[PDB]
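What follows is one chain in structure tokens, specifically the form solved without its partner chain.
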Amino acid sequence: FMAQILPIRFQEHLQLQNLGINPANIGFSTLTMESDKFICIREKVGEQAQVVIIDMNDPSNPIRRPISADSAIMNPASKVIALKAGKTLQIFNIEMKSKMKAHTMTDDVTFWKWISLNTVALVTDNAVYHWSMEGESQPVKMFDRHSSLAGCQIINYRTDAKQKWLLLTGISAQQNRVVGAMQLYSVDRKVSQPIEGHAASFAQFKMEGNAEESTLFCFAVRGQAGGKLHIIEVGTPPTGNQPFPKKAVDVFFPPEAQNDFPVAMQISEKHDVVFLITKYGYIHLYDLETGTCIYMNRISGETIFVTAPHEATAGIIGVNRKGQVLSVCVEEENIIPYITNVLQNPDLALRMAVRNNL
């Protein structure tokens, strides 16, 4: 019943191999997508190291520049790029063809990522720094890394909106398992919490009855106890709010997917939906308020190794290993019909409609 409609809209936006990208460079170490505005790829043509920038507003005309850099990350909002070559970091203004800032670290930066329109996060072996692209300021140490992450491949770093709750995520191979290790740091309390987790995100959510938004932390894991998803409030609740009751639900893997696990998460605050992507290319949607599982399907034949929020649709956009750029968002006309008649969850249908009416 109602097989003709889904609660989502799947889209393919590009195929990177048709834009002259070599498939060997379509991967985590060489292809970055810091937001839905740009894809940046490092490639070596002959002996010449190049950066290719694909503007997602005009993708058919990608720009190549010779640049020697071990990593290249575009700003989420503006035509600004950060480049690193060993311990030396530079940020450039593309439009004005000019250096903005530079810094030389004393420790190697194993992982970095833009966390806002103006700030880069730097992860060394022993600490995490935030670096403004503005003014003269050097990077500022935010916290020391927790021992639980020693030896991990760092795969993500993100923060809540107010940059008071900071989350570093790595993974390690423990025999034939991929074990997630997160470090949640409170800026205000100066406290770290180690957490076994594979993918996470923050979100603001205004509870019925509350005048102020709650800051939520959502993470997913597949550990020895199976797949789990948790949704918890972090930090002091605004004065006058009731606290958000913590949610803990299962994350389903079919029997043929014993080695699948979560790899990416983005949240729609417009729809209060969590998007989780798995290693095997499955997407799951969960209600942010309750953790109820709305939808699961395999949407990609290849692993999706990078994701961002998809702004215009409040969805999730990603790149897979073959170079498909794909996205998933709420289908706003069909989601409530699906919840009503396929999930048979009228409580959720009502909550969604109450929010939509505003």
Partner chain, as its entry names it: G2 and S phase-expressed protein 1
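C-alpha atoms forming the largest set that superposes within 1.5 Å between two forms make up the rigid core. Positions refer to the first chain, counted from 1.
The mean C-alpha temperature factor is higher for 54 to 62 when 313 to 321 and 54 to 62 are set side by side.
Stretches compared: 256 to 264, 170 to 178. Higher mean C-alpha B-factor in the entry: 170 to 178. Highest CA B-factor among the listed residues (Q242, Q90, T215, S116): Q242.
Highest CA B-factor among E136, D250, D160, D272, as stated in the entry: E136. When the modelled residues of the chain are ordered by C-alpha B-factor, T124 sits in the middle third. Among the modelled residues of its chain, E233 has a C-alpha B-factor that falls in the middle third according to the deposited record.
In the PDB entry, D287 places in the lowest third of its chain by CA B-factor. The entry lists a Cα temperature factor for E47 that places it in the highest third of the chain's modelled residues. Per the deposited record, the Cα B-factor of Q11 falls in the lowest third when ranked against the other modelled residues of its chain.
Missing here is the form deposited with its partner chain bound; even so, the following discussion is about that form.
The partner is not drawn, yet in the entry with it bound one stretch among 278 to 286, 180 to 188, 260 to 268, 114 to 122 has residues with heavy atoms inside 4.5 Å of its partner chain: 180 to 188. This chain appears without its partner; in the entry with it bound, the one residue of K206, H146, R158, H130 with a heavy atom within 4.5 Å of its partner chain is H146.
With the partner omitted here, the residue from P243, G240, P194, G135 that has a non-hydrogen atom within 4.5 angstroms of its partner chain in the entry with it bound is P194. By the criterion of a heavy atom within 4.5 Å, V234 is counted among the residues contacting its partner chain in the entry with it bound. Taking its partner chain as it sits in the entry with it bound, the stretch 215 to 237 comes within 4.5 angstroms of it through a non-hydrogen atom at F217, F219, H230, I232, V234. Shift analysis on the rigid core between this form and the one not shown singles out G135 from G226, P243, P254, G135 (C-alpha displacement of 2 Å or more). If you compare C-alpha positions, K141 and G135 are 3 angstroms or more closer together in the entry with it bound than in the form on display.
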